[PDB]
Amino acid sequence: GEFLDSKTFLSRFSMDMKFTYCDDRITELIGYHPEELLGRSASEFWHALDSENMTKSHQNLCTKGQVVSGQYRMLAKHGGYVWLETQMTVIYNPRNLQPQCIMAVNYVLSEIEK
């Protein structure tokens, strides 16, 4: 619900919105193992009616040099749902300053709702 500092889970995305990292909190808050996601896409669990807009957030990723999506519904491991908002950050490669990975901060407004 409202307020909870420990309700956050880091993740990193490939420029194709694929999971390369997620913090173990994910299993607490959604029930996914970080690695269950690693190799797939976040758009898979995005609430469809938000997934488009969510994608546009990545389509932007330039306003502040960064983009932060709104509180959306993410599919829960066991077929429910959950509330978290994702902040996506371009992490560039120090050599050429080319976006190699996305620093994504996910934090839940609420735990699963089945």
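Residues numbered from 1 in each chain as written, not as in the entry; some residues may be left out. Heavy atoms only, no water.

**Student:** Which parts of the structure should I look at to understand helix α3 (residues 48-60)?
**Tutor:** Over its 13 residues, α3 runs 19 Å from end to end, which matches the ideal 18 Å to within 8%, given 1.5 Å per residue. Considered for burial, the residues of α3 that qualify are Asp50, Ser51, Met54 and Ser57. Projected onto a plane normal to the axis of α3, the buried residues spread over an arc of 110° and lie on a single side. Turned more than 90 degrees from where α3 packs its buried face, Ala48, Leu49, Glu52, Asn53 and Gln59 sit exposed. Where α3 is buried, its residues meet β3 (66-68), β4 (72-75) and β5 (81-92). Positive phi shows up at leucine 61, right after α3, with a value of about 40°. (Helix = DSSP H or I, 4+ residues; strand = E, 2+ residues; numbered from the N terminus. Expected span 1.5 Å × (residues − 1). Buried < 20%, exposed > 50% of the residue type's maximum accessible area, 1.4 Å probe, protein only. Arc of directions from axis to C-beta. Contact = heavy atoms within 4.5 Å.)

**Student:** Teacher, can you tell me more about unusual backbone geometry here?
**Tutor:** The bulk of non-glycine residues show a negative phi, and the bulk of peptide bonds are trans. Phi at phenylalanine 3 is positive, roughly 70°, even though this residue is not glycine. Locating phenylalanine 3 in the fold gives a position in the segment before β1 (8-13).

**Student:** Even after reading the chapter, I still don't get the packing of aromatic side chains, so can you show me in this structure?
**Tutor:** In total, this model carries 3 aromatic pairs according to the counting rule given. Geometrically, the ring pair formed by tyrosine 32 and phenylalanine 45 is tilted, given 4.5 Å between the ring centres and 40° between the ring planes. Remark: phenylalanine 45 occurs in the loop between α2 (34-37) and α3 and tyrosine 32 occurs in the loop between α1 (25-29) and α2; sequence separation between them is 13 residues. Assessed through its relative accessible area of 8%, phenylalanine 45 is described here as buried. Here the aromatic rings of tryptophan 46 and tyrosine 72 are separated by 6.1 Å at their centres, their planes lie at 75°, and the arrangement is edge-to-face. (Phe/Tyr/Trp six-rings, centres within 6.5 Å; stacked < 30°, edge-to-face > 60°.)

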